[PDB]
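A.B. asks: Enclosed are the sequence and the experimentally obtained structure.
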Protein chains: 4
Amino acid sequence: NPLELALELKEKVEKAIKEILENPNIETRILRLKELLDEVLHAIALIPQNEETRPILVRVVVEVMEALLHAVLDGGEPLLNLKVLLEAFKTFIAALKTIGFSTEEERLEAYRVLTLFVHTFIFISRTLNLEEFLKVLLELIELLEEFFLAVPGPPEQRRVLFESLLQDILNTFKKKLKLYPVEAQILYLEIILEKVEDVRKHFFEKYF
Amino acid sequence: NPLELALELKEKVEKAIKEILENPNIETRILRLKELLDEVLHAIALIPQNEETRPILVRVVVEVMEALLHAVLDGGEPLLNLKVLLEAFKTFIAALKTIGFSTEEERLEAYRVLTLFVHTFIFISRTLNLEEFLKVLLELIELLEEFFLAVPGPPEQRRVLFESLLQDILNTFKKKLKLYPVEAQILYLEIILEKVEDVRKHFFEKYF
Amino acid sequence: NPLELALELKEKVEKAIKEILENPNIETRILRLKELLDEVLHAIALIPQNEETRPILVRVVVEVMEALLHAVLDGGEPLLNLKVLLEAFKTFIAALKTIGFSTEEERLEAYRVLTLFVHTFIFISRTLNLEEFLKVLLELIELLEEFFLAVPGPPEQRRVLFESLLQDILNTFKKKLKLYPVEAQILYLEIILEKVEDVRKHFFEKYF
Amino acid sequence: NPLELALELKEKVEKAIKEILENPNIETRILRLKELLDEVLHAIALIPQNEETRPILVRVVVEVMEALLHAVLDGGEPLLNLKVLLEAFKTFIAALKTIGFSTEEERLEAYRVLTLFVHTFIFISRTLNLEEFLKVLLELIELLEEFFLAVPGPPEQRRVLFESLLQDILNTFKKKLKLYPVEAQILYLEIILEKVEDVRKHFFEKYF
Ligand SMILES: [Zn+2]
Ligand SMILES: [Zn+2]
Ligand SMILES: [Zn+2]
Ligand SMILES: [Zn+2]
Ligand SMILES: [Zn+2]
Ligand SMILES: [Zn+2]
Ligand SMILES: [Zn+2]
Ligand SMILES: [Zn+2]
Ligand SMILES: [Zn+2]
């Protein structure tokens, strides 16, 4: 019966998270959390999927991702943390795709997780230099587009959240750029604005 | 149901403001209030929006902005406070645009908040020197134009309030300018008068 | 047929300007207008060139440049706006060179655009410090020389307009310099006077 | 009959483009587009060449290259996309040489595609470091020379477009160099100016 499998997977994930959080090494915590996320994805892949189990899997994946975000916020080199965050976010999108969403509560949970991820990524990536900043920001924008193409729902919130998150990214980029001479402003502002306009156009063509 | 979500968001914001206010550090209070404003915006973004929730969201945003203005008025460096005020007020326009306005009470509350913001900004920016003074006054005028383009309503009040606020800004600018030799008067008076004339022309073309 | 191509280019530019002006972000407006100028230059390059098309190309370029000047006058950091104005003016000179100039009406339109550019540049550059002021003023004088060498016509107007514009620049420079102690007067006044005398001598040798 | 072969090749290419654009992975999209371009070249190689088929082949090659440019603009490591762009542009030149050019419309289409390629390449290569920037710019200039030697036509447009593109490259190079200390300016400005002067001299000797 699928429901019992969902409960046993939930308990297994809870014990695994409790074990991993106990470890003193922060980098070890991050790596084991990423591996746990991948194993959770493979576990959902095997479990039968239906109405009742779907919210259970959604919640368990949300707990894993939130725990990983909190752990990656504690310590570590910023670049390694950002790369692990990107890989984990790709796995998160894949898990959300295979699970599928029906109820509104799961949609709101995923949207909250996305907002938390965006804020955490911006906060961590604040400390880098210019080139890595631009690279990670472009990767974040692309993954944002992929996630908004992954979760189906009403288009109004789909538009509002995308606009708000792109505005957050632009504000952070401008804030960072104001620390550099006038010449770099032109180049990097042009690059970021063109990328944002392109992704906005792609999304607006999609939802129509 | 949207209403219960509105109430619960209100309560969360109330204890959030209460907690943050007990913090001893001033700069921490300002920064966390700005974070709370942004998170509130993202919260309304997800909250289903209809007739009854609209006033509740307007009230909670008004309380957050008023608390931030009072906290900013207490202590801190002038320029940093002004920049945080500008960012938070831009977020305020974004939140008001997302919410939408129907009733007159919400409109009057928004106009009162705008008046409070303008007076506080002028009072704080009084202490700076002419270059930063002129800069902050210019983006203050631009953000005034954006806000008055954001909230729809009757045009007579939208004209009278704009004229009064521009008069306040001009009086403050003249008061500050009267401390320096005659040469600066010409240049800076010309700059400010041209800017205010241009924004007035833009608004008067808009509402017609 | 060249005439139909000129008309379709005109129409494309009009909707391009209409779309661009709609955007809320000021910096995006400025950058996209600069790209529109460059693409207009490239389009004119391919367009077959003859009598009737010349006025049409002169108009469309004039409208694009005027819209960019008005947009730049609205908002933005002074230095970035000035630099974008410089590159746009270089593109404008190149476009005027490739188009060719026969009729008097197009000449008067080009001279009016040059006067507008000079006044706007002076007004915007008023707010900078001495070093940036000197740099931007010297670049402005050099591009003025290039433009007056780009558009052929009767030499009396080419002399009178050059003298008037140089006088405007000198008056603005003196007005700005009167804010600072006596020592800076000697240095920067000497630099600007020598530059102006040199460019005047070059032009007067040229037209003879 | 050659005409039916041209239509069937057109339909095959449209179906292939539609299939490739569907793929989620961006790098796969780029690679399959490049392979499609090469296979298209081999297809025209076998296709009998005459008057009516020539415009059809020009159009289909233009669509393939435009789709590849748009896909390359979406995502990927900049250096990889630049190298793929260089290889695809070489293939594009070879295809244009094999097809031949008689009508003016095909010439204008090819020139527009060249302009799009130059702008996209400059925009993408903006983000690299100094040495890679210089290398890719030199390869771009060389391929520009080859393309302008590939498509025959009137020499006036051949001159104007070359001058405009070289000016674009020089402006971008100066803009990037303005981010670095004074010593690097000398060396790299010298290298780029000598290269562009040499290629201009070669072209001017050619067309005479
Ligand atoms: Zn795996
Ligand atoms: Zn922590
Ligand atoms: Zn936010
Ligand atoms: Zn107080
Ligand atoms: Zn007042
Ligand atoms: Zn160009
Ligand atoms: Zn204006
Ligand atoms: Zn092959
Ligand atoms: Zn795209």
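C.D. replies: Great, that's in hand. Numbering: from 1, shown residues only, chains lettered A, B, ... in the order given. Ligands and ions are numbered 1, 2, ... in the order given.

A.B. asks: for chain A, longest helix please?
C.D. replies: helix A:182-207 (DSSP state H).

A.B. asks: Tell me the residues of chain A that contact chain C?
C.D. replies: Within chain A, the positions lying close to chain C (C-beta under 8 Å from any C-beta of the partner chain) are A:182, A:185, A:186, A:189, A:190, A:193, A:197. From N, CA and C alone the C-beta is placed, and that goes for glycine too.

A.B. asks: hmm, back to that, say whether chain B is contacted by the longest helix of chain A.
C.D. replies: No. Helix A:182-207 stays clear of chain B (C-beta under 8 Å from any C-beta), getting no nearer than 15.1 Å.

A.B. asks: Which strands or helices does that helix pack on?
C.D. replies: In terms of contacts (3 or more C-beta pairs under 8 Å, 6 or more residues apart in numbering or on different chains; DSSP states H and E), helix A:182-207 is packed against helix A:130-150, helix A:155-177, helix C:26-46, helix C:78-99, helix D:104-125, helix D:155-177.

A.B. asks: With distance to residue C:207 added, can I get those in JSON lines?
C.D. replies: Formatted as JSON lines, the entries for the helices and strands packed on helix A:182-207 read as follows, by distance: least, C-beta to C-beta, whole Å:
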{"stretch": "helix A:130-150", "distance to residue C:207": "48"}
{"stretch": "helix A:155-177", "distance to residue C:207": "45"}
{"stretch": "helix C:26-46", "distance to residue C:207": "27"}
{"stretch": "helix C:78-99", "distance to residue C:207": "18"}
{"stretch": "helix D:104-125", "distance to residue C:207": "36"}
{"stretch": "helix D:155-177", "distance to residue C:207": "26"}
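
A.B. asks: Looking at those helices, which is nearest to residue B:58?
C.D. replies: If you check each of these against residue B:58 by C-beta to C-beta, helix A:155-177 wins as the nearest, at 17.1 Å.

A.B. asks: hmm, back to that, between the helices and strands packed on helix A:182-207, which one is closest to residue D:21.
C.D. replies: Of all the helices and strands packed on helix A:182-207, helix A:130-150 sits nearest to residue D:21, with 14.1 Å by C-beta to C-beta.

A.B. asks: list the buried ones in the closest one?
C.D. replies: Under the neighbour-count criterion of 16 or more other C-beta atoms under 10 Å in any protein chain shown, helix A:130-150 has A:130, A:133-145, A:147-149 buried.

A.B. asks: So that helix, near chain B or not?
C.D. replies: No. Counting by C-beta under 8 Å from any C-beta, no contacts exist between helix A:130-150 and chain B, the nearest distance being 13.3 Å.

A.B. asks: Tell me the buried residues in the longest helix of chain A?
C.D. replies: A:183-196, A:198-200, A:203.

A.B. asks: Near ligand 3, which residues of chain A are found?
C.D. replies: Counting by C-beta under 5 Å from the ion, the positions of chain A adjacent to ligand 3 are residue A:168.

A.B. asks: for whatever residue of chain A ends up closest to ligand 3, what are its contacts?
C.D. replies: Across chain A, the shortest distance to ligand 3 (C-beta to the ion) belongs to residue A:168, at 4.4 Å. Residue A:168 sits next to A:118, A:119, A:122, B:38 when contact means C-beta atoms under 8 Å, 6 or more residues apart in numbering or on different chains.

A.B. asks: filter these down to the ones near ligand 7?
C.D. replies: Taking C-beta under 5 Å from the ion as the test, ligand 7 is in contact with none of the contacts of residue A:168.

A.B. asks: The nearest residue to residue A:44 once chain neighbours are set aside is in what secondary structure piece?
C.D. replies: Nearest residue to residue A:44, sequence neighbours excluded (C-beta to C-beta, 6 or more residues apart in numbering or on different chains): residue A:57, at 5.2 Å. Secondary structure here is read from DSSP states H and E; on that basis residue A:57 sits in helix A:53-72.

A.B. asks: any idea how far residue A:99 is from residue A:144?
C.D. replies: With the distance defined as C-beta to C-beta, to the nearest Å, residue A:99 ends up 19 Å from residue A:144.

A.B. asks: Can you read off the backbone torsions of residue A:47?
C.D. replies: Note on residue A:47: backbone dihedrals following degrees, to the nearest 10 are phi -70, psi 140.

A.B. asks: neighbours around it, how many?
C.D. replies: The tally of other residues near residue A:47 (other C-beta atoms under 10 Å in any protein chain shown) stands at 17.

A.B. asks: Now do it against chain C, distance only.
C.D. replies: From residue A:47 over to chain C the distance is 47 Å, taken as C-beta to the nearest C-beta, to the nearest Å.

A.B. asks: List the contacts of that residue.
C.D. replies: With contact set as C-beta under 8 Å, 6+ apart, residue A:47 has these partners: A:2, A:5, A:6, A:9, A:53, A:57.

A.B. asks: Could you dump those into JSON lines with distance to residue D:30 and neighbour count added?
C.D. replies: Compiled in JSON lines, the contacts of residue A:47 are given as follows (distance: C-beta to C-beta, whole Å; neighbours: other C-beta atoms under 10 Å in any protein chain shown):
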{"residue": "A:2", "distance to residue D:30": "41", "neighbour count": "15"}
{"residue": "A:5", "distance to residue D:30": "41", "neighbour count": "15"}
{"residue": "A:6", "distance to residue D:30": "40", "neighbour count": "24"}
{"residue": "A:9", "distance to residue D:30": "39", "neighbour count": "19"}
{"residue": "A:53", "distance to residue D:30": "39", "neighbour count": "21"}
{"residue": "A:57", "distance to residue D:30": "34", "neighbour count": "25"}
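
A.B. asks: Skipping adjacent residues, who's closest to residue A:152 in space?
C.D. replies: By the measure of C-beta to C-beta, 6+ apart, the closest residue to residue A:152 outside its immediate chain neighbours is residue A:101, 6.9 Å from it.

A.B. asks: how much space is there between residue A:83 and ligand 9?
C.D. replies: Residue A:83 sits 24 Å away from ligand 9, taking C-beta to the ion, to the nearest Å as the criterion.

A.B. asks: got it, and residue A:80?
C.D. replies: 30 Å.
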